[PDB]
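A quick write-up on the structure given underneath.
Virtual Cβ from ideal backbone geometry, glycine too; neighbours counted across all protein chains shown. Bear in mind these aren't lab numbers, they're just calculated from the coordinates by the rules spelled out.
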Amino acid sequence: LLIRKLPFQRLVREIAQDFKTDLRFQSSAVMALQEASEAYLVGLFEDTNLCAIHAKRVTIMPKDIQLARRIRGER
Amino acid sequence: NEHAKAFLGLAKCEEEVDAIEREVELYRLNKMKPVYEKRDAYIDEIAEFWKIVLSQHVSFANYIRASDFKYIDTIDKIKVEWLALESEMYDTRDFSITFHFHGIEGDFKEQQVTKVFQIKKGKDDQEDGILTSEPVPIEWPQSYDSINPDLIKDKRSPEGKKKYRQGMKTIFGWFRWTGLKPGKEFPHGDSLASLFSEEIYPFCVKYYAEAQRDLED
Amino acid sequence: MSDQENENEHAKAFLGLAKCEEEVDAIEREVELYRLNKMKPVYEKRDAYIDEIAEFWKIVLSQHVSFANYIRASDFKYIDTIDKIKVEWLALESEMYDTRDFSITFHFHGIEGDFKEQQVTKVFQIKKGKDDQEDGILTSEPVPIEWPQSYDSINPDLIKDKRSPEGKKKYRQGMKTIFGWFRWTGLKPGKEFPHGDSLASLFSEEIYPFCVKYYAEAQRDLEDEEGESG
Amino acid sequence: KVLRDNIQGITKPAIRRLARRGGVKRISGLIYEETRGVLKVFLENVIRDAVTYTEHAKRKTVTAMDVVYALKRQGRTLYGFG
Amino acid sequence: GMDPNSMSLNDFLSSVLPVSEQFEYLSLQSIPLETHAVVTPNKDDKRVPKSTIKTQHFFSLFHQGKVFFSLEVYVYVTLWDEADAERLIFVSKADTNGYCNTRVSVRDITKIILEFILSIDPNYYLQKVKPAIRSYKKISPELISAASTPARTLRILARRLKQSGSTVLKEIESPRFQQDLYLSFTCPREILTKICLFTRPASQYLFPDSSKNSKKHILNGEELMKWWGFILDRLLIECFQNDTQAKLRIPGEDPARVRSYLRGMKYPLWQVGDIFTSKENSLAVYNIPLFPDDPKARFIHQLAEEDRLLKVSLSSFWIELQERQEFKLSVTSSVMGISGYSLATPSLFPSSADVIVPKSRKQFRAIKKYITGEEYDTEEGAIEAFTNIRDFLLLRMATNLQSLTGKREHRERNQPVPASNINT
Amino acid sequence: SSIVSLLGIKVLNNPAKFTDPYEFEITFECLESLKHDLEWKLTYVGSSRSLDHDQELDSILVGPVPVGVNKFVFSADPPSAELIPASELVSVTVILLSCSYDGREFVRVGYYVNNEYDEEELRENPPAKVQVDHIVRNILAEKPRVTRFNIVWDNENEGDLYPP
């Protein structure tokens, strides 16, 4: 929904080509990668805006989404 | 004057507006031609261009598939071309586009193809204003015979109607696109007719130079 | 820039293409100039018959619900005297304007004892031409209009004060009016008529170019489609 | 460095829309870079697990169960204890 | 119309309002319209949803020159090929702003407007019905519509005045015209009822920016889940027969912890699950209804774009309502609903003084946009949402807003505590 | 599902000096007797641009785990400013408690920390040399983010298909 499908799907292909040449996917899987990203990023943006708010800024900066990566146990 | 007679005349103005709509576009078909020809004459002298520009477009996000880009990379050439000063059969508000593909050897044939496009409107019958086209014969990939609509065994199936729904969304199902089959052909296929002919050109040279860029953001 | 030379025979062709895009634009302008000019006389022929019809424009502004959000229904008794709407594209009167730029005209039949009978024309202009770094905003020159005598408690010209809390409310309700938009100019956010850009765009892209299409939407035989069309 | 580097999964408008659903009012323009770099890590993590289950089940084609089963690594996150 | 032995909406609405305090309100409803089935039938079934009919009703309550509530609700009727009929209410949205106050909770506003809708005879949506598509030239004289162009519209006006002396025709009201231009149906007035809701942050929005006001109560998550569950529970013991079904389900929550939240509620046959969920261990196609602007119905649509929909399990659909934060449900979100027979039989055919019934879906939108378009960052938004609709209905409909005095005292004879107490 | 689980955490000393210790009081539960050790670790993020800027403030080893509800207290020494990027230091960052059993992390808790000076003229003009004694930390002790993680709890009862 929030992401535009078809460039994501090709991002999914280029990142995967380097771990397996000629890999396929199910349409269900590619859209799942997409709906997981929308759900992880929607959650991480609610986190990035709490970093900003805690910082005593209105404005988010690239500091805030990394700190939000750290807050959620990085990995 | 009486409303009885004034209405009759006002309707003829709404009909003269749509006759101006053809004249101001006939002047497009006449006056643009020497910068259409110049532009074409530079893309016949550039070796390859379209296999660089198209994939970068923010609206190309809407249209063409991760899997299909291996076939549209083989595009050598794309040209837009009008008919209405050469033929009575077509309106100055109608148009055609030409592609030429080098192919994949033992998979997808080397081909030149033309698709025509024509505009519809409320005209006596107030049917919704839309863009439309005719189906074109195309040589499909051999790798795509699982989703090529013409090789589906049974289109009732939970796999067969999904393989049909995939297949109709390809760039090759866009060649079969017409504008007239709700939920049964390539989605947004009219706005892909506009993208190759008009919405590409405002940015394609930004995009050509962007793929030549070695600096980093 | 300064990263790349263009000395090859195909790199000469690419630089030609990179200037031809500005030649295409410059005949896309010559053709839009023809378009504005060709509409212009049929704009005359059309509105000659509109000028005979009763209530035409009050009906067009009763189907046009985007305008019934920018205009506050309290003004309606005054906008109901509209007898003529015109719109004209300024690039045709002079080189001083672009094919983006437009001027709106009204005549108002008035109301005996409160509001004067009056014709009024208002120029508009968009910003940010080619090579510009300004905002591509819509903007206008401010233009006089005779306000109803019964508004002089909210009219900015005749309210004794703008600085008290009351005077801020009297000013806000004044600047929310049809007559606020004739002072509006596109440069003073939070001190002038809200959406005076979207209003100014509705006239020149919807209300006036398709005045017949919306008149024809109120005309019905059926109690449940008066007016709708899609 | 090369165009392959510059294949994108998300436009500037879609990054603002994700942001909007995280309740953001205002954005530094460098978030339009940074979000694409943070997604390039989220996916190459999910993908390296999912291709591992796909290889290992003897398949060419990646399945939705191999994606939901890679997505266990990121955990789940809860604004509290209970 | 305006029968004296029948209930006006003022005789309902004034019975929960504070006693001798006077209020104004807006009520409007679009004309009853043709639809496909609200849920997909299973191929195994003897029945067919042989006709489905819908519309929407809009409401706003005004106190002291200003608005203090809005509510938005769809209603459906399903005619079966042999199983007669059933009505359904679905609720879309409701909102407050905090810029007027009074000795009544919006709970009891929500209940009494739901009783006005529950008292409508379903035959008020069936006697004449707006078709999906129409034919305007098939027989003679031809009809002026949005199938004639603006050119052919003004050519047929100039033909009707010249040949027939008037634009007006009496003839096109006759039955071989209406046979096609309108649907018309009939069913029993005693029928099975359903009510449906989906409790989420975006349903708590009709006054933009209004949540900026520290005087606004915002409802979210678990309290919003309970607040509406006590509203269906306040129907179950007064407005329904005591054999009626009532469900709750919540994303990702243990089916006994959902059963445990229902120990608050009074009525017995409150149960864990869903009213639409037809089968155990079933595909989401036969069980998730095709409602407008709902995230579940939209997700049945994304499960059609993927074309997985004949294969997707209901467990798996509910795990996706837990897992996908992108749907923006917030924690302790809920699907709730009822099905069964109301405690009394309906009767209304509501008047012009109960509800405006505007002659177009654009007009109906615009009457909403007059309130729900304004910026509630300030008290001055609630003042304009009333001065602006006022002057609208007089200069576009020759009409007033409706107005009425309340009846409800801070005293009881059968309850252990009055309603109009400190929680107001 | 997990055998050990977190009942909650509270923060004893805030807002406080940067150069104050980080006092925590943590309450947790064990359903039944485990074999290996449990290990708490608490860490500070020295920059958003690198993980090589994290500091361990403290760690805590417990083997065997007492069954039932159980509570642990901290007073962990603050982070070294000389190892912290000077431009980063007068800014927002996170503190993170790891909890791990037999070397698998089954839960992380993170908290946002804002570093700002308690004097208005250093709020207004931040210096090139940092005034460490005037930085106040503010921990978001109302809004923990609790990332939980599924793991094995005994390998002789449960077989992991793909251990790393």
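Could you sort out which of B:121/B:206; E:130/E:369; C:38/C:122 sit more than 30 Å apart by Cα distance in this structure?
Beyond 30 Å: B:121/B:206.
With just the Cα atoms defining each centre, how far is region E:264-313 from region D:45-82? Give it in Å.
26 Å
List C:229, E:352, E:166 from most exposed to least, where exposure is judged by having the fewest other Cβ atoms within 10 Å.
E:166, E:352, C:229
Using the Karplus equation 6.51 cos²θ - 1.76 cosθ + 1.60 (θ = phi - 60°), what ³J(HN,Hα) coupling, rounded to whole Hz, does each residue of region C:85-90 give in order, writing x for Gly and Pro?
10, 10, 9, 9, 9, 5
Name the most mobile residue of B:18, B:73, B:124, meaning the one with the largest mean-square fluctuation, in a Gaussian network model of chain B with Cα contacts below 10 Å.
B:124
Between C:92, C:56, C:125, whose Cα lies farthest towards the positive end of the dipole of region C:9-160 when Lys and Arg beta carbons carry +1 and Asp and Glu beta carbons carry -1, centred on the Cα centre?
Value: C:56.
Computed over the Cα atoms of the protein assembly as shown, what is the convex hull's projected area averaged over all directions, in nm²?
55.9 nm²
Could you point to the residue in C:208, C:20, E:371 farthest towards the positive end of the protein assembly as shown's charge dipole, with +1 and -1 charges on the Cβ of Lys/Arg and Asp/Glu respectively?
It is E:371.
Mind giving me the FRET efficiency for residue F:152 and residue F:7? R0 is 22 Å, r the Cβ-Cβ distance, nearest 0.05 is fine.
0.50
In whole Å, what is the distance between the alpha-carbon centres of region F:66-129 and region C:1-26?
If we compute the Cα centre of each part, the gap is 55 Å.
Rounded to the nearest 500 deg cm²/dmol, what is the calculated helix-only ellipticity per residue at 222 nm for chain D, with -39500 (n - 2.57) per DSSP H run of length n ≥ 4? Please report the intermediate quantities before stating the final value.
Working: 3 runs with 43 residues, N = 82.
After summing the helix terms and dividing by residue count, I get -17000 deg cm²/dmol.
Give me D for chain B in µm² s⁻¹, whole number, from Stokes-Einstein with Rh from the Kirkwood sum over alpha-carbon pairs, 20 °C and 1.002 mPa s.
Values: Rh = 20.0 Å.
It diffuses with D of about 107 µm²/s by this estimate.
So who's got an amide H within less than 5 Å of the one on residue A:25, skipping anything under 5 residues away but keeping other chains? H placed 1.01 Å off N, in plane.
The answer is D:62.
Going by how many other Cβ atoms sit within 10 Å of their own, how do E:196, E:187 line up, fewest first?
E:187, E:196
Is the shape of chain E rounded, prolate or oblate, going by the alpha carbon gyration tensor and its root eigenvalues a ≥ b ≥ c, with a/c under 1.5 for rounded and a/b larger than b/c for prolate?
It comes out oblate by the Cα gyration axes.
At q = 0.24 Å⁻¹, what is the log10 ratio I(q)/I(0) for chain A, with the Debye formula run over Cα points and no solvent?
With no solvent term, the Cα-only Debye profile gives -1.03.
Under a cut-off of 17 Å between alpha-carbon atoms, report the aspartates and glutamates in cross-link reach of residue D:60, not counting same-chain residues fewer than 8 places apart.
Straight-distance partners of residue D:60: A:14, A:18, A:22, D:49.
Count charges around residue E:409 for me, please; just the other residues with Cβ under 12 Å from its Cβ, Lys/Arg as +1, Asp/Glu as -1.
+3
In deg cm²/dmol and to the nearest 500, what is the mean residue ellipticity at 222 nm of chain E if only DSSP H runs of at least 4 residues count, each as -39500 (n - 2.57), divided by the residue total?
My calculation for chain E gives -8500 deg cm²/dmol from helical runs alone.
Over region E:54-162, what is the mean sequence separation of C-alpha contacts under 8 Å (at least six apart), divided by residue count, expressed as relative contact order in percent? Please report the intermediate quantities before stating the final value.
Values: 98 pairs, mean separation 18.1, N = 109.
Relative contact order, region E:54-162: 17 percent.
Counting only complete DSSP H runs, which helices of chain C cover 20 Å or more along their long axis at the Cα atoms and score a mean Kyte-Doolittle of -1.0 or above?
Qualifying helices: C:9-50.
Give, rounded to the nearest 20 debye, the magnitude of the charge dipole that the protein assembly as shown has about its Cα centre when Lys and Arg contribute +1 at Cβ and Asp and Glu contribute -1 at Cβ.
Working: 165 positive and 183 negative charges, 601 e Å.
Magnitude of the dipole: close to 2880 debye.
What percentages make up the Cα-Cα pair-distance distribution of region E:99-201 when the bins are 10 Å wide from 0?
The percentages, shortest bin first, are 11, 26, 21, 17, 18, 8, 0.
About its Cα centre, how strong a charge dipole does region C:159-227 have in debye, to the nearest 20, once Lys and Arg get +1 and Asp and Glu get -1 at the Cβ?
Its charge dipole is roughly 1180 debye.
Report the FRET efficiency, 1/(1 + (r/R0)^6), for residue B:136 and residue B:191, where r is their Cβ-Cβ distance and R0 is 22 Å, rounded to 0.05.
Efficiency for this residue pair is about 0.75.
In the neighborhood of residue E:331, defined by Cβ-to-Cβ distances under 10 Å, what is the net charge if each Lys or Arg adds +1 and each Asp or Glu adds -1?
Neighbour charge sum, excluding residue E:331 itself: -2.
So what is the calculated 222 nm ellipticity per residue for chain C, using -39500 (n - 2.57) for each DSSP H run with n of 4 or more, over all residues, to the nearest 500 deg cm²/dmol?
Result for chain C: -11500 deg cm²/dmol, rounded to the nearest 500.
Note down the nm distance, to one decimal, between modelled labels 7 Å out along Cα→Cβ at residue B:33 and at residue F:119.
8.0 nm
To the nearest 10 degrees, how steeply does helix A:5-17 sit against the main Cα axis of chain A, on a 0 to 90 scale?
Between helix and principal axis, roughly 70 degrees.
For chain E, with a Gaussian network of springs between Cα atoms less than 10 Å apart, report the residue from E:186, E:153, E:405 with the top mean-square fluctuation.
The residue that fluctuates most here is E:153.
Longest exposed-loop-site-free stretch of chain C, with trypsin sites (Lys or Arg not before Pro), DSSP loop and at most 15 other Cβ within 10 Å?
Numbers: sites that count: C:116, C:127, C:128, C:130, C:160, C:162, C:163, C:191.
For trypsin sites (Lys or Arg not before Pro) (loop position, at most 15 other Cβ atoms within 10 Å), the longest site-free span of chain C is C:1-115.
In percent, what relative contact order does chain B have, based on Cα pairs under 8 Å that are 6 or more apart in sequence?
Numbers: 258 pairs, mean separation 35.2, N = 217.
Value for chain B: 16 percent.
With springs only between Cα atoms under 10 Å apart, run a GNM on chain C and tell me which of C:36, C:158, C:199 wobbles the most.
C:158
How high is the relative contact order of region E:333-418? Use alpha-carbon pairs under 8 Å, at least six apart in sequence, and give a whole percent.
Reported as a whole number, the value is 14 percent.
Let's see if you can work this out: charge +1 on each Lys and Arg Cβ, -1 on each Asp and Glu Cβ, no other charges. What is the dipole magnitude of chain A about its Cα centre, in debye to the nearest 20?
It works out to roughly 140 debye.
At most 15 other Cβ atoms within 10 Å and a DSSP loop assignment: could you name the chymotrypsin sites (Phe, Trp or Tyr not before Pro) in chain A that fit?
Answer in residue order: A:19.
Net charge near residue C:135: determine it from the other residues with C-beta under 12 Å of the C-beta of residue C:135, scoring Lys and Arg +1 and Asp and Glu -1.
That works out to -1.
Just going by the charge dipole of chain A, with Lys and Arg at +1 and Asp and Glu at -1 on Cβ, which of A:71, A:12, A:41 is farthest out on the positive end?
Value computed over the given set: A:71.
Using a 7 Å offset from the Cα along the Cα-to-Cβ direction at both residue F:73 and residue E:48, what is the distance between the two label points in nm, to one decimal?
7.7 nm
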